[PDB]
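Protein chains in written order, with the authors' numbering: chain 5, 69, 118 to 135; chain U, 51 to 100; chain V, 51 to 100; chain O, 31 to 161; chain E, 2 to 375; chain D, 2 to 375; chain C, 189 to 375. Think of the CB as a built atom: it goes at the ideal place given N, C-alpha and C, for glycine as much as any other residue. The block underneath contains the structure these notes are about, expressed in structure tokens.
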Amino acid sequence: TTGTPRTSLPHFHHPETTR
Amino acid sequence: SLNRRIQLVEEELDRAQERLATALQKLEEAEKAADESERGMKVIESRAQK
Amino acid sequence: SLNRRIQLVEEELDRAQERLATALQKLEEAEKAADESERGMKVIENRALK
Amino acid sequence: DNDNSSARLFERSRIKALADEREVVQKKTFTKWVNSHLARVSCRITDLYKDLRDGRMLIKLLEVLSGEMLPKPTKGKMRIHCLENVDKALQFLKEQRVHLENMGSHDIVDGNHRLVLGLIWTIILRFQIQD
Amino acid sequence: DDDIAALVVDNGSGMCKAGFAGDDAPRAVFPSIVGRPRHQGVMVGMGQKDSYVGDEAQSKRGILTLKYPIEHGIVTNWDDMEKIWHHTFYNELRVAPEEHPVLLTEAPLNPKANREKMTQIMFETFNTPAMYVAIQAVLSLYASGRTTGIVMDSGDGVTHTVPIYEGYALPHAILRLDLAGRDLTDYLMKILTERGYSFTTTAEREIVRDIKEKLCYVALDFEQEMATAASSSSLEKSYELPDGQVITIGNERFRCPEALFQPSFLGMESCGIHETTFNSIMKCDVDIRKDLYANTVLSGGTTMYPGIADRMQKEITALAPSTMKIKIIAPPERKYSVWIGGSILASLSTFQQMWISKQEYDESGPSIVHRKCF
Amino acid sequence: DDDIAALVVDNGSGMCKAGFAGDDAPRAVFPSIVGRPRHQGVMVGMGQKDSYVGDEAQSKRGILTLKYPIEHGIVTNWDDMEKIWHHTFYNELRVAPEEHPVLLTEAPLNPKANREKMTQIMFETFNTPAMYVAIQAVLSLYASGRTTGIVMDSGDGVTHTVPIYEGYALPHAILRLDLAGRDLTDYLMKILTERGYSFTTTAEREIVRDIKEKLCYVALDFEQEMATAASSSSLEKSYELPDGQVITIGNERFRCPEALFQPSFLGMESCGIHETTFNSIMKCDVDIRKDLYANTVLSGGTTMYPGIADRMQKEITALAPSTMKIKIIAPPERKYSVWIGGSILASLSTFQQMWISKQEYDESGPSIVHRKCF
Amino acid sequence: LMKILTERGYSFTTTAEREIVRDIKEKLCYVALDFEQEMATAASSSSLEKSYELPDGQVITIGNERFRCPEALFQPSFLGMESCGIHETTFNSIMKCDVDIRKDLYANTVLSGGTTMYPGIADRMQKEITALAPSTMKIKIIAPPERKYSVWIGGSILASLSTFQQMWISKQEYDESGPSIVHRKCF
Ligand SMILES: Nc1ncnc2c1ncn2[C@@H]1O[C@H](COP(=O)(O)OP(=O)(O)O)[C@@H](O)[C@H]1O
Ligand SMILES: Nc1ncnc2c1ncn2[C@@H]1O[C@H](COP(=O)(O)OP(=O)(O)O)[C@@H](O)[C@H]1O
Numbered sequence: 069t118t119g120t121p122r123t124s125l126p127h128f129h130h131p132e133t134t135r
Numbered sequence: 051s052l053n054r055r056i057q058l059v060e061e062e063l064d065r066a067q068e069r070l071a072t073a074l075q076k077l078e079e080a081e082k083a084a085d086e087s088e089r090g091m092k093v094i095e096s097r098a099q100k
Numbered sequence: 051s052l053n054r055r056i057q058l059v060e061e062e063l064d065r066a067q068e069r070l071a072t073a074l075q076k077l078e079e080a081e082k083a084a085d086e087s088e089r090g091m092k093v094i095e096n097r098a099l100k
Numbered sequence: 031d032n033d034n035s036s037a038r039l040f041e042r043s044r045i046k047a048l049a050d051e052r053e054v055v056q057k058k059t060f061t062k063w064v065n066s067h068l069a070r071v072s073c074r075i076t077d078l079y080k081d082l083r084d085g086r087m088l089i090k091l092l093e094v095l096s097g098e099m100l101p102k103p104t105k106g107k108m109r110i111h112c113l114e115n116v117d118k119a120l121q122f123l124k125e126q127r128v129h130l131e132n133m134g135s136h137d138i139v140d141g142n143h144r145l146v147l148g149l150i151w152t153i154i155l156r157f158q159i160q161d
Numbered sequence: 002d003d004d005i006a007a008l009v010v011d012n013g014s015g016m017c018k019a020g021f022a023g024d025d026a027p028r029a030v031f032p033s034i035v036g037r038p039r040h041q042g043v044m045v046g047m048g049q050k051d052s053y054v055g056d057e058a059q060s061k062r063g064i065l066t067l068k069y070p071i072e073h074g075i076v077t078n079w080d081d082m083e084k085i086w087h088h089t090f091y092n093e094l095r096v097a098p099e100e101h102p103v104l105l106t107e108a109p110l111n112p113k114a115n116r117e118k119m120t121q122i123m124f125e126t127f128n129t130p131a132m133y134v135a136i137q138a139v140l141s142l143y144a145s146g147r148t149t150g151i152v153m154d155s156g157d158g159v160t161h162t163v164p165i166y167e168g169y170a171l172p173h174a175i176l177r178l179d180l181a182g183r184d185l186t187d188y189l190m191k192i193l194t195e196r197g198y199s200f201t202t203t204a205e206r207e208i209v210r211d212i213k214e215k216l217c218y219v220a221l222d223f224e225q226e227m228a229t230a231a232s233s234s235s236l237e238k239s240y241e242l243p244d245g246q247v248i249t250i251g252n253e254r255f256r257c258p259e260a261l262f263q264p265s266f267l268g269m270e271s272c273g274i275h276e277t278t279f280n281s282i283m284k285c286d287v288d289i290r291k292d293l294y295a296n297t298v299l300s301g302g303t304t305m306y307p308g309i310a311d312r313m314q315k316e317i318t319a320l321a322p323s324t325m326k327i328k329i330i331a332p333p334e335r336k337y338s339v340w341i342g343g344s345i346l347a348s349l350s351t352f353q354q355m356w357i358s359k360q361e362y363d364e365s366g367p368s369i370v371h372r373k374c375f
Numbered sequence: 002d003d004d005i006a007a008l009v010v011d012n013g014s015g016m017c018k019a020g021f022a023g024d025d026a027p028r029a030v031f032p033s034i035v036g037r038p039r040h041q042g043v044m045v046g047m048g049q050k051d052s053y054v055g056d057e058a059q060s061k062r063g064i065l066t067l068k069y070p071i072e073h074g075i076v077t078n079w080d081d082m083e084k085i086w087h088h089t090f091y092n093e094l095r096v097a098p099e100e101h102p103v104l105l106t107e108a109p110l111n112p113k114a115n116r117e118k119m120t121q122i123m124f125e126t127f128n129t130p131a132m133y134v135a136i137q138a139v140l141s142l143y144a145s146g147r148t149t150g151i152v153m154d155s156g157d158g159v160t161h162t163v164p165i166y167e168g169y170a171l172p173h174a175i176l177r178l179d180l181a182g183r184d185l186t187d188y189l190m191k192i193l194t195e196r197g198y199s200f201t202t203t204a205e206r207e208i209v210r211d212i213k214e215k216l217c218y219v220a221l222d223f224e225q226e227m228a229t230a231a232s233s234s235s236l237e238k239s240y241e242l243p244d245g246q247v248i249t250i251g252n253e254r255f256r257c258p259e260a261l262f263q264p265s266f267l268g269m270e271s272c273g274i275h276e277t278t279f280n281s282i283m284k285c286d287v288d289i290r291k292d293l294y295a296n297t298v299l300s301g302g303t304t305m306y307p308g309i310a311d312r313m314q315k316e317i318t319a320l321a322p323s324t325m326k327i328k329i330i331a332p333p334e335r336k337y338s339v340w341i342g343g344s345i346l347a348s349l350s351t352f353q354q355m356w357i358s359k360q361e362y363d364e365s366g367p368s369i370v371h372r373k374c375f
Numbered sequence: 189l190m191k192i193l194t195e196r197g198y199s200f201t202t203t204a205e206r207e208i209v210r211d212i213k214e215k216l217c218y219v220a221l222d223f224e225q226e227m228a229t230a231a232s233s234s235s236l237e238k239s240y241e242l243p244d245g246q247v248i249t250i251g252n253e254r255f256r257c258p259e260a261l262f263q264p265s266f267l268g269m270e271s272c273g274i275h276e277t278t279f280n281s282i283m284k285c286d287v288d289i290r291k292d293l294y295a296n297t298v299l300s301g302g303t304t305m306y307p308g309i310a311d312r313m314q315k316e317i318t319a320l321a322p323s324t325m326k327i328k329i330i331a332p333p334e335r336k337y338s339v340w341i342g343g344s345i346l347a348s349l350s351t352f353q354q355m356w357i358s359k360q361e362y363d364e365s366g367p368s369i370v371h372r373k374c375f
């Protein structure tokens, strides 16, 4: 011998999202 | 040969589409008539209950 | 090119035939329901007139 | 059972009849309004649902209404090019800060009646025409 | 005539309904879910869509997680509610919200912040000229056409019973029970594990809800039905999954609605719906109970199981004294009855004096709704 | 003599453990595998063995296809179970089955025919005088030594949580997540394909499982651990294959069990194990949550990854209100806890009355278990 | 095919003769709709025999080995592997998906690659998947004639899109972020 937030696996159909 | 066959296939498709259209219109009219008749049945049934 | 063109027209013809068949079956069902409605109509009419 | 049949009759008659009556009249009105503006390019639509699928006519209508130069339509005959063109039209609408909800390229391409009519209504109401 | 038809929007936990004032039936009815994608997008070239609302979310339920904004009659995520209202106004009815007044419905007992928040949202985001908040159980009594009676309304999130005598309501006898169709759907998901069927995700919850709508009924006698189901396999039905597989539920058809009458199956200490209705009647005054017994009105989509009227009549007749008659008034189109009542409320001449104007809201803040609404 | 010792057999998806009632440790522990030869034997007179059961199947993994009679806690193949039980009774314990009572364990939520099939096989074939079926996580609480707490059991088949307060179990708060060790083995194979090592056959799955058992741990901060593993090569280990090839596990050691806390790596939308435990706690009543927070008990072999207790405590403390005590109780021998407490259940004097007698089985058939156990 | 051609007596062992065996496989192989009937028919008569001409001018006869070589696609146990066939792999990949989307995946099975060009793969695949699938679901195998180049053709579709001009890996991005940028940019 703060919790981890829920995560989402990424997307590739659009390049980026900024504003 | 292919240019000969395509005419017959297209004509058969067009006339099948016409048959489908008239069948759909007849089905619509039949459904409306059936709904009206069942409503007329319900009215008299309620009157008999009263 | 003509092979693919004939393929497309044949697929559309088959789809139209399937739609026509299911429309005919729906029409038959609607007619049968319409008959049952007037059967119920006269039996309720007899009860009310008594 | 029998009450379920009566409820089915009530919804199928009343809700469907009122709904598609309203869609028919609004569709005729919207088709006439679009055909009024599309005569400058000499393009005419006969059916509102079918003609907006490929996305070229929506781009031309936005071309007439905005008065600016939209990007190139994608040269193609497939489903992917139709999605690309409708997405270009929606991106130009997002550029003008016109607020659309539940609006996607595949919805316009697949031919949904309600969403196409709602898009045309949002074009008429919120979008402003340059002169 | 200068009369503009007021939009009537009925918001429940399950489905959203919308229409115009004075119409017979709502123009738009659609489920109140908001879906979001849960997988990778690899086909570059297609359009991007962040959220799915309504029937389109149900059509593509495979690749989405679906969330209900309204839970137990209380909305938790306000952004989803705003998206649902925007879709209702622009894609379902095709009307400008600033032209028409809007009438909204809510549960009788709830947190006080909900009315203020919907008032603020409808007056600021949508720029409506006027709005009003009404209680669904009163609208059911409008839809019934009788001035006096007791109304029990059970939907997807909340169950509530109110008594009204000659248009006068008794607020101390209003009873609220947190038992509805979502808990029944969860219980059906739990008890389907015994036969060997496993349903986990949200699309499976929708499938189980459809199964419950298709193949559930209420037994007049629970022990007799259990003995009959144990004796032979005549009381069985088959359902077909979307992937082609066939399931057979059998005994579970009448065990899911029984939780409406015996909440001990769900671990709840609270009594059944018939017991709640009898207690609400008994809490009233002595000489109006005679009129309240004969005018029991059922409402809501949860009250649509076959055999509810007979079972509830038998149970209430068992509880009540035998000297006077009890009848249950269940209209066939009860599921939409609340909305119908709202339409009547939007048609009356005196109700034009009851709207909450925009100037009044500007003077009084969001707290005017407590003063001007029951 | 009188009161002869009753043997207890704990069957899970991974291993089977059998032993007598009075002993603190099981006599026999062996994997539940049944192998059959692929190739055609060429030497005459070598002797013919049709099937391999237990440890020698793990010895001769090359010339066999390894199969599991249990999948997700449900017995898929019953002839293989008969083989397993016969090898348990006559080769590992070498006792007569018809002269001792048998205690068995099972998952909380499962198809109802599984209990009936176990009872029918135990009575009709092995002719046992009595038998009983118990829930694994209830026996884990017996092994813990306290009558108040929540048990989180994670095994090779399923993961289940159950709270018990003052000897009373709440059935509506039981949750059964489907994440387990075999899914982690498959995910470890999938992420080991990234470095160039390919494991496809059923025999190599055992090698991958041994790699998981020897070189895995749960990171306290996952994303910090990703940064640390990307920065340098200090977090690297080497393993030797049975043929002498050496592989380097490297980054993947904390990526395999992290999928227990975030199931979205496997494409599942279900919540993590910490959220499952918190939801099982929150479904209980208000007054008993304080005692359930301070008596969380870990059980099952899958919970022997190093550092899982600190991570679980941190996540639950983050979810729980700040003013309460949260402590995780992890026995060092928890892999056998389901067995150990079960042995205690066979030692009590009051337990002799609730054995299922052979006469009761003859009178009532195999359904009597649903009346007699739990 | 080399291993089963040794069974008739013809020997191929060098790397140059492997191309000859590949040409034999491309020209004279097909997939039997029913394997046991095809073996029985090939054993009964000599109508299935074909003749091939070696580059040195010698003539060989294939015969029974025409449909045995592609059958290893559907029965990998011929090769010593314990894996399942391509039909079972496709069915298992369908079953791993969600319940709601399985019907559309059943109706839209697409074949690709040069291996999928033996005469009769489409019918055999449809028959096997129909045997595995439930009866109400209807199977629809799609195989374009020019499937061998489909992996190229979609690429020519992909590079001509307007959105894809923003999806490249720029030289500046690679120069900034090393060779590890490909994991972030590409699926
Ligand atoms: N025909 C039916 N039979 C049984 N249950 C039904 C039926 N229709 C609807 N339900 C149940 O009622 C719920 C819908 O209730 P609804 O009237 O929409 O409540 P609200 O309008 O307050 O949200 C659904 O969740 C469903 O489970
Ligand atoms: N020392 C260990 N460290 C991490 N995981 C382990 C260890 N030993 C066993 N496991 C995992 O636990 C599983 C065995 O669980 P087990 O307690 O046998 O479940 P059950 O008893 O219900 O079959 C194995 O599949 C393995 O992946």
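Closest Cα partner of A319 (chain C) within the set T278 (chain C), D244 (chain C), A228 (chain C) = Stepping through the seventh sequence from its first residue, residue 319 (chain C) is reached at position 131. Minimum Cα-Cα distance from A319 (chain C) among the listed residues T278 (chain C), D244 (chain C), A228 (chain C) corresponds to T278 (chain C).
Cβ of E270 (chain C) less than 9 Å from any chain D Cβ?
-> Working through the seventh sequence from its first residue, we reach residue 270 (chain C) at position 82. The beta carbon of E270 (chain C) falls within 9 Å of a beta carbon belonging to chain D, placing the residue at that interface.
At a cut-off of 8 Å, is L130 (chain O) close to ligand 1 when judged by its beta-carbon and the heavy atoms of the ligand?
-> Locating residue 130 (chain O) in the fourth sequence gives position 100, where the first residue counts as 1. Residue side-chain check: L130 (chain O) keeps its Cβ at 8 Å or more from all non-hydrogen atoms of ligand 1.
The stretch 155 to 169 of chain D contacting the stretch 296 to 306 of chain D, beta-carbon criterion three pairs below 8 Å = Between the stretch 155 to 169 of chain D and the stretch 296 to 306 of chain D, the count of C-beta pairs closer than 8 Å reaches three or more; the two stretches touch.
Burial state of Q353 (chain D), where buried means 16 or more other Cβ atoms lie within 10 Å = In the sixth sequence, counting from the first residue as 1, residue 353 (chain D) sits at position 352. It is exposed - the Cβ of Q353 (chain D) has fewer than 16 other Cβ atoms within 10 Å.
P264 (chain C) to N78 (chain D) span [Cα, whole Å] = Indexing the seventh sequence from 1 puts residue 264 (chain C) at position 76. Indexing the sixth sequence from 1 puts residue 78 (chain D) at position 77. CA-CA distance, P264 (chain C) to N78 (chain D), rounds to 24 Å.
Is there contact between the stretch 29 to 37 of chain D and the stretch 66 to 80 of chain D, where contact requires at least three CB pairs shorter than 8 Å?
-> Three or more beta-carbon pairs drawn from the stretch 29 to 37 of chain D and the stretch 66 to 80 of chain D are found closer than 8 Å, and the two stretches are therefore classed as touching.
How about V45 (chain E): is its C-beta nearer than 9 Å to some C-beta of chain 5?
-> Locating residue 45 (chain E) in the fifth sequence gives position 44, counting from the first residue. Answer yes: the Cβ-Cβ gap between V45 (chain E) and chain 5 drops below 9 Å somewhere.
With a floor of 3 residues, list each beta strand (DSSP E) that falls wholly inside the stretch 78 to 166 of chain E, ordered by position along the chain.
-> 103 to 107, 131 to 136, 150 to 155, 160 to 166, all fully within the stretch 78 to 166 of chain E.
For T229 (chain C), decide whether its Cβ has a neighbour in chain O, counting only Cβ atoms nearer than 9 Å.
-> Along the seventh sequence, read from residue 1 onward, the residue named residue 229 (chain C) stands at position 41. So no, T229 (chain C) is outside the interface.
Whole-angstrom Cβ separation of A204 (chain E) and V287 (chain C), contact assumed at under 8 Å?
-> Numbered from 1 along the fifth sequence, position 203 holds the residue referred to as residue 204 (chain E). Numbered from 1 along the seventh sequence, position 99 holds the residue referred to as residue 287 (chain C). Yes, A204 (chain E) and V287 (chain C) are in contact; Cβ-Cβ is about 7 Å, under 8 Å.
Applying a beta-carbon distance threshold of less than 7 Å, which residues of chain 5 neighbour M355 (chain C)?
-> By one-based count along the seventh sequence, residue 355 (chain C) stands at place 167. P131, listed in chain order.
Name the residues in the stretch 173 to 195 of chain E whose C-beta lies less than 7 Å from a C-beta of chain D; which are they?
-> If the cut-off is 7 Å between Cβ atoms, the stretch 173 to 195 of chain E has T194, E195 near chain D.
Spell out the partners DSSP gives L67 (chain E) in its beta bridges.
-> As a working note, residue 67 (chain E) is residue 66 in the fifth sequence. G36 (chain E).
Nearest CA to the CA of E316 (chain E): which residue from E259 (chain E), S368 (chain E), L104 (chain E), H371 (chain E)?
-> As a position in the fifth sequence, residue 316 (chain E) is number 315, starting the count at 1. It is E259 (chain E).
What residues match up with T297 (chain D) in a beta bridge as DSSP calls it?
-> In the sixth sequence, residue 297 (chain D) corresponds to position 296, counting from 1. Paired residues: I151 (chain D), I329 (chain D).
What separation, rounded to the nearest whole angstrom, lies between the Cα atoms of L52 (chain U) and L52 (chain V)?
-> Locating residue 52 (chain U) in the second sequence gives position 2, where the first residue counts as 1. Locating residue 52 (chain V) in the third sequence gives position 2, where the first residue counts as 1. In a straight line, the C-alpha of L52 (chain U) is about 7 Å away from that of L52 (chain V).
Exposed or buried, what is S348 (chain E) when buried is set at 16 or more other beta-carbons lying within 10 Å of its beta-carbon?
-> Position 347 of the fifth sequence, counted from the first residue, corresponds to residue 348 (chain E). It is exposed - the Cβ of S348 (chain E) has fewer than 16 other Cβ atoms within 10 Å.
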